[PDB]
Amino acid sequence: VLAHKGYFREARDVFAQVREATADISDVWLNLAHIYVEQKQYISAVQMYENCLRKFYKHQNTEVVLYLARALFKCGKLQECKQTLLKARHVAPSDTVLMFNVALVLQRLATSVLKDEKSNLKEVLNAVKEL
Amino acid sequence: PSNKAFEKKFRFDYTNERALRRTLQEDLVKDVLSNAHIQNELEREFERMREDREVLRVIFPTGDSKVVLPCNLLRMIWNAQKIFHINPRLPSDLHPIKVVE
Amino acid sequence: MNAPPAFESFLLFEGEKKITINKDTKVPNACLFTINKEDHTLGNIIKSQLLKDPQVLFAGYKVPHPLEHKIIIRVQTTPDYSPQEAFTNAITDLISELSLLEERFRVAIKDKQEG
Amino acid sequence: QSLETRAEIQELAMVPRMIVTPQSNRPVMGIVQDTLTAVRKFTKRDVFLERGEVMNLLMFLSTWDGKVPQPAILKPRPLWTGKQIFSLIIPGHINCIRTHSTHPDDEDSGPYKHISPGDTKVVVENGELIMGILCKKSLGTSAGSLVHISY
Amino acid sequence: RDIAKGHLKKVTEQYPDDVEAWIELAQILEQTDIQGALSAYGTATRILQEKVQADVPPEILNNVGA
Amino acid sequence: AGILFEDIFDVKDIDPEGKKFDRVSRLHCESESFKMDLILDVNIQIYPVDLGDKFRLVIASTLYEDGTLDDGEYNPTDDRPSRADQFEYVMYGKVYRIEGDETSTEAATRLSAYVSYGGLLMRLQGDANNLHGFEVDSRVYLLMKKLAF
Amino acid sequence: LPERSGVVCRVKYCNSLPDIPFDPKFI
Amino acid sequence: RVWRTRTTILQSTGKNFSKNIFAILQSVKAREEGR
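Residue numbers (the authors' numbering), protein chains in the order written: chain R, 656 to 786; chain G, 911 to 1011; chain L, 1 to 115; chain D, 507 to 657; chain P, 394 to 459; chain Z, 2 to 150; chain U, 23 to 49; chain W, 229 to 263.
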């Protein structure tokens, strides 16, 4: 509720103090990772989502995969962001939100390739068809 | 050191551009990649060391690399790294030509 | 032939001060106190008393040379409390401990003897 | 009995200029006998001193600048390692590496080459002692000894 | 429960052949020392067979499984 | 901030190769979230820990909650709020080596930070992303606490 | 200027109920 | 006998949260009251 009320400063400290007692509540990991994204410490968030996926999900959980994609986007792992959302679309292609995010990552990668003329032909051809 | 170990440790080939970006800055690698004089400077230096190697190989039979000498370069290099806080994790600003000259 | 007479181990000559105050050059609020005609018997107790002072940053002592009847105590204190006043206090309270102990041993004996 | 002679000895035969011998280029004065075993004992990884003890040891350093180094172990209560106090003894910025007498020869060959299990492999950097236990191999009258480098 | 666990431990320490002291300890250990409960049920299983020479009850086996 | 690193570690082995010292022993610990490997030598006399012990490890550059970058001197007179106040065990020392899978062809994926706590060795072996606050030959604090569960 | 578009993900601060504990029963 | 139930499943292994979170609520309560 403090997080919904916008009090992330205290909410993070609370989620951390709850996490100290147990490593098996994903929401505590997820709440901490969300605040880490909001606090722009994207590496830590990505690390939490990657290990959360490996520990708690016997399959790639699209919710965690999407949270990871949101962090990866900001984390500069555009390659992994692309790959993570392509994996997500491979897992849930009828979920139009994930499909949008795939299209968005293709757009953001192409934006970089298209801005700098140093980008090569295979990159530009991929960027054109991907875009 | 074998000829191969010698080259991989003392030649500094300027054709592996990847290694150059790992080691030197962009403003330093273009001279060793495009300046034929700079390349000859390095090739001459490597040849210089190769010739010194043939010399030492005739100076020191039995391969007794341990020797008694005036200034301790091995230690002195470290002393320099600690005096200037060299931190061997960034690409260096020392243009190889600065070394040869 | 060269034995100093034993009294030279504790008797001060003319002009010799029992204690000498010297400023330290290497750090602020720090002095080196040089006791003449003294040994570990008086120095360790004072050192230990100085360790009780929360405003003493550094305190310890040495006898620069055992054949020299002279000792060097070094005191270093907070900016709001000089090493000199620390020494003053370290003398003021160590004496107090020994005086109270004198009174308690005297009463414990008088209570033990014929009581 | 003359200044022309007194000066000549002072500038040619005085002891500190004579630390190293040209005979073998190595030092001829080293930390020896009682203080060498004691320093070895002192340099063990499990040697600890509190401020009441440390401040007694620093009373015997001439070149110490009067500033206590941050203790190697802070909680539950400040503790200094012998090597930590020893770092105050080392002058300036010395940089040397030696192998302690008990160093397993194959300790550098396997893993933990840079983190010696037996606490051997003496390492002095920036005039501070980072690793190893000191003995004749690192403090004696031998080339590459710490005093040789100090000189 | 903690007082009971401490006393029952003392009972098993004095009388390691006391099958009941081990299982009662196991019942408390189930909450805090699953391996301890397994150790106690296993010990009761072992003692019955070797020293009391009576067959092992299935409850012990079920608890070992659980 | 000044928190160079932070994770929860558990003691997996005490001086497996045998106890060479009396008041000190090797701890072969591993983390839970970032999957970090850690070798740490602790004064087992003043702070005895047993195998399987869980501890929160937070390698920080400083003891001050404000991250104002202290100077490496011991000072018993210290009025500033300090992280050690809410931490159980703290060591301090320099980084004396950093090692990764660097090659003449490409940079390392993993970083190994070697730290000497005044003689007490440590090796925090991780990835090239967490060991970002880490720089060779730099003062750092260990700020660790065992989890009372 | 249109505020920068982030990855489309509905923000959920959760407090999910744990699975009901139907652990095996001791006898 | 089963020790983990719908009530105990919600309880910690050993840590008590009341004292810290109530200290946090001491800060939050003032904000909720607009102080």
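Backbone N, C-alpha and C define an ideal beta-carbon position, used for all residues, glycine too.
{"query": "Is there a Cβ from chain Z that is less than 8 Å from the Cβ of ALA544/D?", "result": "no"}
{"query": "Between which two residues does the alpha helix (DSSP H) holding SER656/D run?", "result": "652-656"}
{"query": "Anyone know if the C-beta pair for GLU7/Z and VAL59/Z falls short of 8 Å?", "result": "yes"}
{"query": "Could you tell me whether the Cβ of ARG932/G comes closer than 8 Å to any Cβ of chain D?", "result": "no"}
{"query": "Rank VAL719/R, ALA758/R and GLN696/R by C-alpha distance to the C-alpha of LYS737/R and give the top, closest one.", "result": "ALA758/R"}
{"query": "Between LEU645/D, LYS547/D and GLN516/D, which lies nearest to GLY536/D when the distance is taken from Cα to Cα?", "result": "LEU645/D"}
{"query": "Quick one: is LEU50/L near chain Z, going by C-beta distance under 8 Å?", "result": "no"}
{"query": "Does the contact criterion of 3 or more C-beta pairs under 8 Å hold for the segment 51-59 of chain L versus the segment 75-95 of chain L?", "result": "yes"}
{"query": "Under DSSP, the beta strand (DSSP E) around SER26/Z begins and ends at which residues?", "result": "25-32"}
{"query": "Any residues in the segment 6-33 of chain Z with a beta carbon nearer than 8 Å to a beta carbon of chain D? Which ones, in chain order?", "result": "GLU18, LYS21, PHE22, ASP23, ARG24, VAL25 and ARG27"}
{"query": "What do you get for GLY94/Z, buried or exposed, if any count of 16 or more other CB atoms within 10 angstroms of its CB means buried?", "result": "buried"}
{"query": "List, in chain order, every chain W residue whose beta-carbon is nearer than 7 Å to that of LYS47/U.", "result": "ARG229 and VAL230"}
{"query": "Which residues bound the beta strand (DSSP E) around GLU953/G?", "result": "Unbroken run through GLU953/G is the alpha helix (DSSP H), 946-969; no beta strand (DSSP E)."}
{"query": "Just to check my reading of the structure: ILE996/G and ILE948/G have Cβ atoms closer than 8 Å, yes? What is that Cβ distance to the nearest angstrom?", "result": "That pair is no contact at about 24 Å."}
{"query": "Go ahead and pull the three-state DSSP assignment for residue 601/R.", "result": "Any answer about residue 601/R is impossible in this case: the structure gives chain R only from 656 up to 786."}
{"query": "Any Cβ of chain Z within less than 8 Å of the Cβ of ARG523/D?", "result": "no"}
{"query": "Can you tell me the Cβ-Cβ gap for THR20/L and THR34/L, rounded? I've got them flagged as a contact below 8 Å.", "result": "4 Å"}
{"query": "Which partner residues does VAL779/R have in the DSSP bridge list?", "result": "Answer by DSSP bridge pairing: none, since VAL779/R is not bridged."}
{"query": "Measuring CA to CA, which of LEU764/R, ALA676/R, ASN756/R and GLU772/R is closest to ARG32/U?", "result": "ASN756/R"}
{"query": "Between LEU594/D and chain L, is the shortest Cβ-Cβ distance under 8 Å, so that the two count as touching?", "result": "no"}
{"query": "Going along chain R in order, which residues have a C-beta closer than 7 Å to the C-beta of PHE135/Z?", "result": "Correct list: empty, because the minimum Cβ distance to chain R is about 14 Å."}
{"query": "Quick test of your reading: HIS29/Z and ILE45/Z, contact by CB under 8 Å. State the CB separation rounded to the nearest angstrom.", "result": "Wrong, their Cβ atoms sit about 14 Å apart, outside the cutoff."}
{"query": "Where DSSP assigns a beta bridge to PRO533/D, which residues make up the other side?", "result": "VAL526/D"}
{"query": "Would you check if the distance between the CB atom of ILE591/D and the CB atom of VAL560/D is smaller than 8 Å?", "result": "yes"}
{"query": "Quick check on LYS36/Z: does DSSP put it in helix, strand or coil?", "result": "coil"}
{"query": "May I ask which residues mark the beginning and end of the beta strand (DSSP E) holding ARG263/W?", "result": "Unbroken run through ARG263/W: none, as it is neither H nor E."}
{"query": "Using only the alpha-carbon positions, how far apart do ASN982/G and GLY650/D sit?", "result": "11 Å"}
{"query": "I'd like to know if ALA459/P contacts chain A, where contact means its C-beta is closer than 8 Å to some C-beta of that chain.", "result": "The structure shown contains no chain A; the protein chains it does contain are R, G, L, D, P, Z, U and W."}
{"query": "Just to confirm, is the Cβ distance from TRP570/D to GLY119/Z under 8 Å?", "result": "no"}
{"query": "By the criterion of Cβ-Cβ separation under 8 Å, what are the contact partners of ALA108/Z in chain G?", "result": "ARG932"}
{"query": "Looking at the C-beta of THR677/R, does it have a partner C-beta in chain W at a distance below 8 Å?", "result": "yes"}
{"query": "Considering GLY43/L, what are the terminal residues of the alpha helix (DSSP H) in which it resides?", "result": "40-51"}
{"query": "What's the C-alpha gap between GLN442/P and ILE690/R?", "result": "59 Å"}
{"query": "In three-state DSSP terms, what is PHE994/G?", "result": "coil"}
{"query": "Would you list the one or two residues that DSSP bridges to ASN601/D?", "result": "According to DSSP, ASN601/D bridges with nothing at all."}
{"query": "Does the distance from the CB of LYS627/D to the CB of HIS654/D come in under 8 Å?", "result": "no"}
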